[PDB]
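Novice: Quick one: the structure is below, and I'll ask about it shortly.
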Protein chains: 10
Amino acid sequence: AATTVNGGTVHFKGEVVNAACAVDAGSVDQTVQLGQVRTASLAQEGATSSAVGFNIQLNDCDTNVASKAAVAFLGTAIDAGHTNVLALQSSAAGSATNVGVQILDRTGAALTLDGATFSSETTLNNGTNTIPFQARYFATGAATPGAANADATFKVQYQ
Amino acid sequence: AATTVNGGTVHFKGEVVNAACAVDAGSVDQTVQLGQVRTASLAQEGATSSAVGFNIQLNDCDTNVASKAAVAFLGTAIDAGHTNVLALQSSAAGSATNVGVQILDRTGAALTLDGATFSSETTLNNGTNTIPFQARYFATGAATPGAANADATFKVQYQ
Amino acid sequence: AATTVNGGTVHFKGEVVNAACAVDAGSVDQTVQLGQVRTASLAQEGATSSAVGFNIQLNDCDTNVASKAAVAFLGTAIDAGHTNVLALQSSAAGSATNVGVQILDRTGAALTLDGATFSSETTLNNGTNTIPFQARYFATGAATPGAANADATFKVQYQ
Amino acid sequence: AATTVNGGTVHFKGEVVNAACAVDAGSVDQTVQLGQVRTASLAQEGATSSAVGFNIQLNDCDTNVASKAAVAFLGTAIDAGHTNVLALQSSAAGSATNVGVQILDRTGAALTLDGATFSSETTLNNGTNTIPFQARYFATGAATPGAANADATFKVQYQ
Amino acid sequence: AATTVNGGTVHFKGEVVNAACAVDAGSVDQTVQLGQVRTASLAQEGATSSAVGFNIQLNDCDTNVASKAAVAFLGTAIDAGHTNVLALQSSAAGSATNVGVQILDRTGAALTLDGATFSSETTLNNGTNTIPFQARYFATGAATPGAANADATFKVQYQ
Amino acid sequence: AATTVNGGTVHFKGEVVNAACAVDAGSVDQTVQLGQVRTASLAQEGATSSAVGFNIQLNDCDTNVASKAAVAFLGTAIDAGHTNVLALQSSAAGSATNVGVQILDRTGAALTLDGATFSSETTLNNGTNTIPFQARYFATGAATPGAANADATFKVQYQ
Amino acid sequence: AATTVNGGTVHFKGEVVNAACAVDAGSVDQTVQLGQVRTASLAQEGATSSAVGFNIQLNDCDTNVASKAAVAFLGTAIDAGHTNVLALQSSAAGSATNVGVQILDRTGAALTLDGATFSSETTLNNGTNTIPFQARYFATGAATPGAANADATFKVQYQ
Amino acid sequence: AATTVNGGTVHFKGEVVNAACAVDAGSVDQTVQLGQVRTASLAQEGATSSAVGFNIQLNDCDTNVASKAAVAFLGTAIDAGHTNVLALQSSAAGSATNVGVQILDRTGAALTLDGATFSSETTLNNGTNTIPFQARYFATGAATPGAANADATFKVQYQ
Amino acid sequence: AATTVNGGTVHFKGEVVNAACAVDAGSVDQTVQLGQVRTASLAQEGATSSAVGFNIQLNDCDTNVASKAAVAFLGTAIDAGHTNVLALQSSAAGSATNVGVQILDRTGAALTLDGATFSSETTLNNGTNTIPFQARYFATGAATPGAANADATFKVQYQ
Amino acid sequence: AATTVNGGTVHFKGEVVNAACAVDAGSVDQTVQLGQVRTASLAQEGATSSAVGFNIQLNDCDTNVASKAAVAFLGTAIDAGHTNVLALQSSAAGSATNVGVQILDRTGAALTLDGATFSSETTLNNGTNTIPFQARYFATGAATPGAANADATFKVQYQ
């Protein structure tokens with residue numbers, strides 16, 4: 001007849017914020033696939049790859065509370081002279097060298113990765129808003145092959 | 001020649017059940033991302049957020065053994081007045097207050113988290129079935145900001 | 001010489017059914033775009049928007065095995081009083097309230113989303129068949145603006 | 001007799017808006033095929049390609065609520081000097097350089113891609129309206145070959 | 001007063017080429033409807049259907065750069081014995097067997113689908129040029145009924 | 001010398017049928033423009049518009065296999081009391097209400113849209129045949145203005 | 001005996017209007033072939049080609065509801081200084097430069113393409129009415145060769 | 001004033017290669033929907049299904065470095081007698097038995113899944129190239145119903 | 001002023017190897033979720049479950065040092081007659097009986113769990129490599145319900 | 001009746017601090033898997049492996065008490081000349097020699113391990129903050145193989 005068995009476990013992740021908007025579930029933790037890049041494209045300091053787009057979706061926006069939103073990213077910089085270039089990290093072996101990841105805001109400029117220098121402000125509408133961003137590779141030398149993964153956290157400022 | 005090195009470890013997790021179906025490997029321990037919710041949407045007792053879907057997939061179902069499946073959820077309720085509201089838990093500091101997680105079955109009704117009140121039955125077909133569920137935030141008063149993680153186990157009943 | 005590099009990954013999804021027909025690859029996981037709807041069109045209980053069509057294609061149909069096909073849909077209903085209205089789900093913030101998605105079969109009637117009430121039967125021919133459906137918005141009260149995404153699974157019955 | 005098998009999944013996308021018009025399902029997410037452009041046409045700063053037309057269809061318009069509509073586009077600018085030139089993005093390799101995409105409104109003028117500077121207002125009629133736009137390539141230098149894809153979001157202002 | 005709502009997304013597709021001509025936007029991604037064909041017309045190896053025409057349009061052609069163009073097609077061949085016959089592909093079920101698609105160039109000869117054997121050259125005029133092609137069904141045996149869809153990419157050589 | 005560039009893609013669509021005839025390429029996916037209709041000609045239940053013709057062309061007919069052909073249509077009917085009236089569908093907003101599309105066979109009678117009630121048979125000749133049909137608007141009440149688009153698939157029966 | 005096969009699809013396009021007339025099916029979406037024009041005919045600002053006539057047909061007109069009809073056209077103007085000259089569009093390469101398309105009403109004057117400046121009113125009669133227009137090329141400088149396609153929408157005002 | 005809240009995390013994935021081409025971001029990790037297949041089509045050893053196409057896109061190709069590309073696939077074989085048939089894997093219950101996935105290269109031959117046997121070579125152009133492949137189901141016996149998901153990695157060889 | 005508090009502890013784990021490759025951080029200690037399995041699928045000696053895939057990723061591979069890699073697994077065998085069946089272990093109570101875990105290499109054969117019988121060799125590319133494996137349940141008799149957790153270590157051999 | 005048995009013991013670990021933030025429970029005692037590293041990478045003094053990221057999560061932050069946080073790490077340095085290289089420790093036998101673990105702050109610089117030299121200050125927001133760090137291997141000579149585990153203790157400074 002009726003059979004009951006142990007099923008499993010569910011974990012719920014989320015955050016309550018006091019802010020004019022709320023970040024969408026699909027934007028709080030997202031993966032941006034950059035694909036591959038040739039070393040010939042990163043052969044000296046300052047070379048950059050092509051860009052890949054990624055968005056931060058804000059939901060439930062209330063323009064009476066704030067009309068503008070900006071984003072600031074925080075992560076490990078590749079070195080002291082490249083504070084806007086995000087260092088690679090996956091494993092102790094096999095990462096590309098002399099390459100980092102740059103995050104560009106909607107003005108096309110790379111963002112400083114100190115978690116305190118915000119992107120250019122974007123006017124909000126009520127409800128859903130989408131903040132565009134780009135990610136690319138930046139060479140701090142003659143790039144050598146390997147995995148090129150990186151991580152950053154972001155915070156949103158509402159004015 | 002052949003150089004051999006120690007490589008690492010693999011842990012296998014699973015369960016053998018005497019039941020008409022088996023829970024899919026992706027459903028036995030899943031994370032549901034709710035995203036953010038504004039405190040302005042949880043400003044008083046009984047206010048609820050928007051919903052996020054999640055599923056429990058059953059595999060290898062044999063309807064000659066059982067024609068219907070139901071799910072019961074078990075977790076720590078927020079208080080004895082709200083038995084269908086899951087208390088938040090991630091750390092001793094920084095969680096939201098006056099907010100819990102509610103799990104709704106396919107009828108849209110919040111489920112009691114006592115591990116014994118089963119959801120509305122769903123008719124099974126042979127092979128794969130997908131039992132739908134929703135999660136949302138439920139305010140037990142005026143919500144304050146903070147992390148809003150929660151956990152629950154579930155069991156499956158077959159009739 | 002031959003330069004070999006790591007390329008990437010490919011995931012294959014599919015299913016083997018014992019049935020007179022097989023659901024087409026483009027029908028197993030389809031997105032239906034509804035567009036926007038004005039709140040003024042969903043201003044009170046029972047108001048419905050305009051409809052959007054979507055099809056379920058069946059391939060390799062063998063009418064010697066089954067002459068008819070029907071579809072049942074399973075999803076989270078908006079509440080217990082509206083069992084043919086799909087609840088909205090994208091994120092914990094920013095969804096429309098008092099609105100759900102209704103799925104209509106080829107008779108124009110909304111389908112119960114219990115995964116067991118099958119649509120009106122359609123006569124099959126050998127080879128390809130196209131079962132038509134419509135999706136519309138159903139207002140359960142005075143609708144408020146926001147995102148209006150929803151999901152549902154379906155099963156096919158052959159007679 | 002009757003055989004029931006697992007079918008698939010349907011995803012519904014849409015939005016409820018409080019506005020004088022609703023954006024048509026075929027305009028909320030559309031692809032504009034620009035075709036090819038020769039580097040000889042984009043050999044210096046300020047060179048532009050030929051234009052390609054695309055529309056934004058507004059449905060169910062209510063001239064009593066608002067009589068004019070305008071569109072503002074938001075995306076990543078190619079650089080601070082060209083705030084009306086959309087930067088290219090598909091992948092980390094193989095995009096054209098020194099080229100971006102310009103969006104022109106019905107007066108022939110390129111729109112600033114800040115999400116805040118709206119196009120020239122267009123008088124609405126009741127029901128269906130079609131806002132015309134053009135897209136073209138803009139060279140910020142001597143263009144090099146590659147994939148020229150770009151994305152932008154848009155918001156509609158009703159007055 | 002002005003009410004502003006979130007509109008939608010626009011995706012732009014294109015390519016910058018260093019070539020004498022540029023492929024027209026209507027020709028970079030086109031659908032060729034072949035219609036139906038009877039198995040009676042495809043009843044043994046080497047049987048062919050009637051042909052459907054399709055063109056590739058080249059814009060902005062500068063004969064001072066190249067006076068001739070040719071097209072090579074790349075796709076999956078049906079087997080090793082028919083390298084000029086495109087394999088069918090739509091879905092894991094319901095396709096015709098013993099049939100493929102042949103692409104004839106302007107001389108009536110079926111093209112090899114290796115992406116390296118170019119069609120017979122066509123003389124270019126300045127401006128717009130239209131390269132004719134045909135597609136037909138080719139039977140590798142007694143053909144059986146089913147969907148018959150196929151895909152192929154093409155490249156253009158300028159001489 | 002030869003400059004080779006990537007050109008684009010071609011998709012081929014078609015079907016192999018085991019039948020006395022084959023539907024023409026221009027008749028498998030056709031758009032019937034009905035034009036405009038005044039609400040004043042659709043002011044009450046049962047009011048019909050003027051008709052527009054459309055044909056389904058059958059090719060390669062062999063009357064030794066079948067002498068007669070008939071067409072059945074399938075779509076979403078406007079309601080359960082109006083099984084011969086096709087429902088409108090383009091977008092969640094902006095469609096006409098209380099109006100549907102009626103398809104008439106060569107006797108001038110409206111066809112049931114269940115995909116199973118075939119039209120009156122038409123005697124075939126060898127080779128090309130042209131089955132005539134009409135489409136008109138049918139008012140199920142007092143029609144309101146808006147878009148009136150609709151969709152139907154058809155099947156052909158040979159006897 | 002009887003064999004049934006999948007036939008195809010039919011799309012119905014149309015509109016329900018609350019107006020004194022209804023636009024004919026042959027005029028809602030028509031192509032106007034202008035032919036060719038020599039660059040010698042368009043060698044400086046203000047030069048115009050010869051005219052090509054096109055009509056908008058109004059059916060079922062009810063003179064009791066309205067006696068006059070006028071038309072307004074909407075499209076992308078070539079630039080700010082020529083608001084009555086339609087900018088060209090087919091593709092990113094190979095369009096004529098310094099040329100646009102002008103639309104003249106029955107008084108011979110070019111219409112402003114803002115969707116709001118209506119043509120000269122024409123007295124209606126009951127039943128069918130034909131509203132004459134002309135299209136011509138207008139040079140905004142020394143024309144250069146290339147494709148010269150353009151599109152516009154129109155709305156009809158009844159008084 | 002300015003309220004700042006914790007936003008979320010972004011994960012960047014990519015790879016720097018010393019190669020003539022770079023694999024496109026949409027091809028490093030792609031899902032191939034095969035759709036359903038009937039057991040009737042897979043009823044004995046050697047029976048195959050219909051094919052689904054998929055591509056591997058190579059970007060920024062430099063034919064002065066390599067004129068040709070080939071692809072090798074690595075995965076778990078179904079058994080020792082079928083090294084070109086990919087074993088199914090999603091979960092410990094509910095997979096189809098006696099079925100695997102075959103990957104065919106552009107010649108129609110199934111590839112050996114040892115990550116060392118390369119597909120037939122394809123001639124490259126500068127810039128974007130699209131290597132075609134197909135996937136299909138292969139029966140090693142009388143296939144039984146169930147889920148049929150499979151995975152393979154691939155490497156690219158340049159010559 | 002500056003408040004300083006005791007924060008916590010960080011434990012770093014890793015291994016320096018003299019080898020051609022280095023095992024990836026995500027592959028030195030990974031968990032493999034098998035999901036549930038029914039006793040009905042394990043009702044006699046030699047019955048197996050469906051498989052779940054898992055990979056061992058090798059980083060920073062230098063093919064000049066070694067061209068092939070193989071993996072050997074070591075754990076507790078279920079008994080003397082089944083040296084390729086890993087025994088279950090979690091706790092003194094509640095484990096399934098007559099079931100163990102089987103690890104298959106890329107040829108689909110089950111591996112002997114003695115840390116000395118290596119899987120079939122896989123050809124390496126420079127940089128990142130992914131060795132595929134599968135895990136399934138194996139029945140040594142009529143399986144009984146309970147937890148089914150198992151552990152194995154592995155070594156890598158480079159040739 | 002009711003059987004009562006001795007169950008077990010629960011140990012509770014935590015800390016009360018007087019500070020603007022509180023360290024998250026998952027950050028007070030965390031393991032960082034570095035993976036393997038080849039000796040060929042650490043072949044002389046000053047060689048470094050690739051990096052692995054680890055975070056210190058601060059909960060419940062109150063920016064009115066302090067707006068900046070910094071971290072200082074304490075552990076046994078490898079020798080007097082390398083005060084920013086953490087000595088390895090797990091057991092009296094089998095550790096790697098000439099290698100240690102380096103901890104890098106968000107500026108990319110290695111942190112001195114005296115417990116008193118704090119990383120670069122990071123601006124906080126209210127609630128949850130995440131301080132990014134990286135860990136890598138550093139060679140103080142020709143590295144030799146063996147286990148490479150290390151432990152460090154950290155303290156947080158709030159200004």
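Chain labels run A, B, ... following the order of the structure tokens; each chain numbers its residues from 1, and ligands are numbered from 1 in the order shown.
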Please identify the alpha helix (DSSP H) residues within chain A (assignment by DSSP from backbone atoms) and present them as a ChimeraX atom specification.
Specialist: /A:25-28
Novice: For residue 59 of chain G, list every protein, DNA or RNA residue within 6 Å, evaluated using only C-alpha atoms, and leave out those in the same chain fewer than 6 positions away; present the list as number ranges by chain.
Specialist: G: 21-24, 127-128
Novice: Contacts from chain I to chain H, 10 Å maximum, only C-alpha atoms: show me the residue list as a VMD selection string.
Specialist: chain I and resid 33 to 38 41 48 to 55 104 to 109 120 to 137
Novice: Which polymer residues have any atom within 8 Å of an atom of residue 141 of chain I, counting only C-alpha atoms, with same-chain residues fewer than 2 positions away left out, as a tab-separated table (two decimals) with N, CA and C atoms, in the first residue's frame?
Specialist:
chain	number	residue	atom	x	y	z
I	42	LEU	N	17.65	-4.22	-8.42
I	42	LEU	CA	18.81	-4.92	-7.90
I	42	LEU	C	18.40	-6.23	-7.27
I	43	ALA	N	17.51	-6.95	-7.93
I	43	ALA	CA	16.87	-8.09	-7.30
I	43	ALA	C	17.66	-9.38	-7.42
I	44	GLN	N	18.80	-9.40	-8.09
I	44	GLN	CA	19.57	-10.64	-8.17
I	44	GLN	C	21.03	-10.33	-8.47
I	45	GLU	N	21.87	-11.32	-8.18
I	45	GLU	CA	23.31	-11.20	-8.39
I	45	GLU	C	23.57	-10.79	-9.83
I	46	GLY	N	24.40	-9.78	-10.01
I	46	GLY	CA	24.79	-9.30	-11.30
I	46	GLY	C	23.93	-8.19	-11.86
I	98	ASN	N	23.87	-6.51	0.06
I	98	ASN	CA	23.95	-7.13	-1.26
I	98	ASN	C	24.11	-6.11	-2.38
I	99	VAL	N	24.61	-4.92	-2.08
I	99	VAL	CA	24.88	-3.89	-3.08
I	99	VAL	C	26.25	-3.32	-2.80
I	139	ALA	N	24.61	-5.42	-7.77
I	139	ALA	CA	23.92	-6.26	-6.80
I	139	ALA	C	24.59	-7.63	-6.71
I	143	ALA	N	19.05	-7.16	-3.24
I	143	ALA	CA	19.45	-5.98	-2.48
I	143	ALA	C	18.37	-5.60	-1.48
Novice: For atom CA of residue 14 of chain A and atom CA of residue 148 of chain A, determine how far apart the two atoms are, in Å to one decimal place.
Specialist: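 Interatomic distance here is 28.5 Å.
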Novice: Looking only at the backbone, which of the residues in segment 3-87 of chain H does DSSP tag as strand (DSSP E), as a compact mmCIF listing (two decimals) with N, CA and C atoms, in the first residue's frame?
Specialist:
# COMPACT_ATOMS: atom_id res chain seq x y z
N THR H 3 22.24 54.21 -0.42
CA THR H 3 22.27 52.94 0.29
C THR H 3 23.04 51.94 -0.56
N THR H 4 23.97 51.24 0.07
CA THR H 4 24.79 50.23 -0.58
C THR H 4 24.45 48.88 0.03
N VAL H 5 24.23 47.89 -0.81
CA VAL H 5 23.91 46.55 -0.34
C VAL H 5 24.82 45.55 -1.03
N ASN H 6 24.98 44.40 -0.39
CA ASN H 6 25.73 43.30 -0.97
C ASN H 6 24.97 42.74 -2.18
N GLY H 7 25.66 42.61 -3.31
CA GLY H 7 24.98 42.24 -4.54
C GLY H 7 25.00 40.78 -4.92
N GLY H 8 26.18 40.18 -5.07
CA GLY H 8 26.26 38.81 -5.52
C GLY H 8 27.66 38.47 -5.99
N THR H 9 27.77 37.39 -6.76
CA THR H 9 29.04 36.87 -7.24
C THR H 9 28.96 36.60 -8.74
N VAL H 10 30.07 36.83 -9.44
CA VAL H 10 30.22 36.49 -10.85
C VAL H 10 31.40 35.56 -11.00
N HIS H 11 31.20 34.45 -11.70
CA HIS H 11 32.26 33.49 -12.01
C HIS H 11 32.57 33.56 -13.49
N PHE H 12 33.83 33.81 -13.82
CA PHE H 12 34.28 33.86 -15.20
C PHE H 12 35.00 32.57 -15.54
N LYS H 13 34.64 31.97 -16.67
CA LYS H 13 35.24 30.74 -17.15
C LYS H 13 35.83 30.96 -18.53
N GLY H 14 37.04 30.46 -18.72
CA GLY H 14 37.69 30.62 -20.00
C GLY H 14 39.03 29.93 -20.00
N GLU H 15 39.77 30.12 -21.09
CA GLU H 15 41.00 29.38 -21.29
C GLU H 15 41.83 30.09 -22.35
N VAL H 16 43.12 30.21 -22.08
CA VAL H 16 44.08 30.78 -23.01
C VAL H 16 44.78 29.63 -23.71
N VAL H 17 44.76 29.64 -25.03
CA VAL H 17 45.34 28.56 -25.82
C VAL H 17 46.39 29.13 -26.76
N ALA H 22 40.43 29.79 -31.69
CA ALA H 22 39.91 29.71 -30.33
C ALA H 22 38.48 29.22 -30.40
N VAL H 23 38.13 28.24 -29.57
CA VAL H 23 36.76 27.75 -29.54
C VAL H 23 35.83 28.83 -29.02
N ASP H 29 30.76 24.69 -23.97
CA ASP H 29 29.91 23.92 -23.06
C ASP H 29 28.47 24.04 -23.55
N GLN H 30 28.08 23.15 -24.45
CA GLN H 30 26.79 23.27 -25.11
C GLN H 30 25.94 22.05 -24.81
N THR H 31 24.63 22.27 -24.80
CA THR H 31 23.65 21.21 -24.62
C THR H 31 23.01 20.89 -25.96
N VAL H 32 22.89 19.61 -26.26
CA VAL H 32 22.29 19.15 -27.50
C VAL H 32 21.02 18.41 -27.14
N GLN H 33 19.88 18.99 -27.50
CA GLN H 33 18.59 18.37 -27.27
C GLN H 33 18.31 17.38 -28.39
N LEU H 34 18.20 16.11 -28.05
CA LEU H 34 17.92 15.10 -29.05
C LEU H 34 16.43 14.86 -29.22
N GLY H 35 15.64 15.17 -28.21
CA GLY H 35 14.24 14.84 -28.26
C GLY H 35 14.01 13.40 -27.85
N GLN H 36 12.79 12.96 -28.04
CA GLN H 36 12.46 11.59 -27.71
C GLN H 36 12.74 10.68 -28.90
N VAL H 37 12.88 9.40 -28.60
CA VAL H 37 12.97 8.35 -29.60
C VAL H 37 12.14 7.19 -29.07
N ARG H 38 11.50 6.46 -29.97
CA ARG H 38 10.71 5.31 -29.58
C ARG H 38 11.56 4.05 -29.50
N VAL H 52 20.48 14.57 -34.85
CA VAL H 52 20.37 15.97 -34.48
C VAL H 52 21.73 16.60 -34.74
N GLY H 53 21.73 17.75 -35.40
CA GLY H 53 22.98 18.41 -35.68
C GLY H 53 23.46 19.27 -34.53
N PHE H 54 24.78 19.40 -34.42
CA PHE H 54 25.36 20.40 -33.55
C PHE H 54 26.70 20.82 -34.12
N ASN H 55 27.12 22.02 -33.76
CA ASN H 55 28.33 22.60 -34.32
C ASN H 55 29.36 22.87 -33.24
N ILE H 56 30.61 22.97 -33.67
CA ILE H 56 31.66 23.56 -32.87
C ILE H 56 32.17 24.77 -33.63
N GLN H 57 32.02 25.95 -33.05
CA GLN H 57 32.46 27.17 -33.71
C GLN H 57 33.87 27.53 -33.26
N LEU H 58 34.73 27.80 -34.23
CA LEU H 58 36.09 28.26 -34.00
C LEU H 58 36.20 29.72 -34.41
N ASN H 59 36.72 30.55 -33.53
CA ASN H 59 36.85 31.98 -33.73
C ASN H 59 38.29 32.37 -34.00
N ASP H 60 38.46 33.54 -34.62
CA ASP H 60 39.76 34.21 -34.76
C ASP H 60 40.79 33.28 -35.40
N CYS H 61 40.36 32.52 -36.40
CA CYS H 61 41.21 31.54 -37.04
C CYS H 61 42.24 32.21 -37.94
N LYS H 68 43.86 23.67 -41.26
CA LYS H 68 42.91 22.59 -41.07
C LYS H 68 42.68 22.36 -39.59
N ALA H 69 41.46 21.94 -39.27
CA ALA H 69 41.09 21.58 -37.91
C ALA H 69 40.39 20.23 -37.91
N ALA H 70 40.56 19.51 -36.81
CA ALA H 70 39.85 18.27 -36.56
C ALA H 70 39.52 18.18 -35.08
N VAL H 71 38.58 17.32 -34.73
CA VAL H 71 38.04 17.26 -33.37
C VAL H 71 38.00 15.81 -32.92
N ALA H 72 38.49 15.56 -31.71
CA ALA H 72 38.41 14.24 -31.09
C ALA H 72 37.54 14.32 -29.85
N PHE H 73 36.68 13.32 -29.67
CA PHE H 73 35.76 13.26 -28.54
C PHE H 73 36.17 12.17 -27.57
N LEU H 74 36.03 12.45 -26.28
CA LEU H 74 36.37 11.52 -25.22
C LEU H 74 35.19 11.37 -24.28
N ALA H 77 32.60 4.76 -23.07
CA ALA H 77 31.97 3.90 -24.05
C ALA H 77 30.95 2.98 -23.39
N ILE H 78 29.95 2.58 -24.17
CA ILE H 78 28.89 1.73 -23.63
C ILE H 78 29.44 0.37 -23.23
N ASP H 79 30.30 -0.22 -24.05
CA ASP H 79 31.03 -1.43 -23.68
C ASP H 79 32.24 -1.57 -24.60
N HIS H 82 31.61 -1.63 -28.51
CA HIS H 82 31.15 -0.41 -29.17
C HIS H 82 31.94 0.77 -28.62
N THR H 83 33.12 1.01 -29.17
CA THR H 83 33.93 2.11 -28.70
C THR H 83 33.46 3.45 -29.25
N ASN H 84 32.58 3.44 -30.24
CA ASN H 84 32.02 4.67 -30.79
C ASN H 84 30.62 4.97 -30.27
N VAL H 85 30.15 4.25 -29.26
CA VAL H 85 28.84 4.51 -28.66
C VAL H 85 29.05 5.00 -27.24
N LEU H 86 28.51 6.17 -26.95
CA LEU H 86 28.67 6.82 -25.65
C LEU H 86 27.65 6.29 -24.66
Novice: Quick one: distance from atom CA of residue 40 of chain J to atom CA of residue 25 of chain I in Å, one decimal?
Specialist: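 Computed distance, atom CA of residue 40 of chain J to atom CA of residue 25 of chain I, equals 17.9 Å.
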Novice: Figure out the distance between atom CA of residue 67 of chain H and atom CA of residue 20 of chain E, please, to one decimal in Å.
Specialist: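 Taking atom CA of residue 20 of chain E as the start and atom CA of residue 67 of chain H as the end point, the length is 21.7 Å.
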